[PDB]
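Chemist:
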Ligand SMILES: O=C(O)C[C@@H]1CN(c2ncnc3[nH]ccc23)CCO1
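Residue numbers (the numbering used here): 487 to 653.
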């Protein structure tokens, strides 16, 4: 039993809710919140901008030190950093950004990072300003992630479309 509330069950291990991931993280304080990161960990907008703003820019400060030491992530890759006031840990995962021409096949590699964590609160990778089709993102999630994932979808209209079209 866990503290996630109000989710629709899509499969054995995938759950979905119309929610603001920032507000959901603040309420649940999950072990892991996933950030929709880029390779530079520049958290300017979308989910990343919202999560970083909620940490009062502490996420960005920590991320800048990470990059200065380690260099950029790979598209499809991830790193574990602090969750600050939102979660124990933040798993920064880089899905491909269609608006940069990155290969959508890398979306499966991106979701594979979730399998290193037993339970996660996450957004749909490569959705929103990353330019991929969220219906496709949900399908890849369900077909790739085997650990327990709680998906937060900000947009109510999109949430309803994702549920209604789910096979
Ligand atoms: O979850 C969605 O509905 C789609 C994502 C969410 N993206 C966000 N952008 C800025 N702030 C945010 N807070 C929470 C989500 C979020 C934008 C669109 O793609």
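We put the beta carbon where it would ideally sit given N, CA and C, even for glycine.
Considering just the uninterrupted stretch of the beta strand (DSSP E) at residue 638, what are its terminal residues?
Modeler: 634-639
Chemist: May I ask whether a heavy atom of ligand 1 can be found less than 6 Å away from the beta carbon of residue 614?
Modeler: At least one heavy atom of ligand 1 is nearer than 6 Å to the Cβ of residue 614, so yes.
Chemist: When the Cα atoms are used, what is the spatial distance from residue 650 to residue 528?
Modeler: 34 Å
Chemist: From this set, 576, 587, 513 and 626, which residue's C-alpha is nearest residue 489's C-alpha?
Modeler: 513
Chemist: Around the C-beta of residue 487, are 16 or more other C-beta atoms found within 10 angstroms, so that it is buried, or is it exposed?
Modeler: Exposed, because fewer than 16 other Cβ atoms sit within 10 Å of the Cβ of residue 487.
Chemist: Enumerate, from N- to C-terminal direction, the unbroken beta strand (DSSP E) stretches of 3 or more residues contained entirely within the region 565-619.
Modeler: 575-579 and 605-608
Chemist: Determine the DSSP secondary structure at residue 536, reduced to helix, strand or coil.
Modeler: helix
Chemist: Go through its chain and collect everything with a Cβ distance to residue 627's Cβ below 6 Å, but skip five positions before and after it.
Modeler: In chain order, 597 place their CB closer than 6 Å to the CB of residue 627, counting only its own chain and leaving out the 5 sequence neighbours on each side.
Chemist: By Cβ distance below 6 Å, which residues in the same chain neighbour residue 520 in space, the five residues on each side in sequence not counted?
Modeler: 577, 579, 606 and 608
Chemist: Mind checking residue 591: buried by the 16 CB within 10 Å criterion, or exposed?
Modeler: exposed
Chemist: Does at least one heavy atom of ligand 1 sit under 6 Å from the Cβ of residue 641?
Modeler: yes
Chemist: How far does the beta strand (DSSP E) with residue 521 in it extend, from its first residue to its last?
Modeler: In the DSSP annotation of this structure, the continuous segment of the beta strand (DSSP E) that includes residue 521 starts and ends at 518-522.
Chemist: Counting along the chain, where does the beta strand (DSSP E) carrying residue 504 start and finish?
Modeler: Where residue 504 is concerned, the enclosing beta strand (DSSP E) stretches over 500-504.
Chemist: Since I believe residue 617 is in contact with residue 533 (beta carbons under 8 Å), could you give me their beta-carbon distance rounded to a whole number of angstroms?
Modeler: About 14 Å separates the two Cβ atoms, so there is no contact after all.
Chemist: Rank 629, 571 and 565 by C-alpha distance to the C-alpha of residue 510 and give the top, closest one.
Modeler: Of the candidates 629, 571 and 565, the one whose C-alpha sits nearest the C-alpha of residue 510 is 571.
Chemist: Under the DSSP definition of a beta bridge, which residues are partnered with residue 495?
Modeler: 501.
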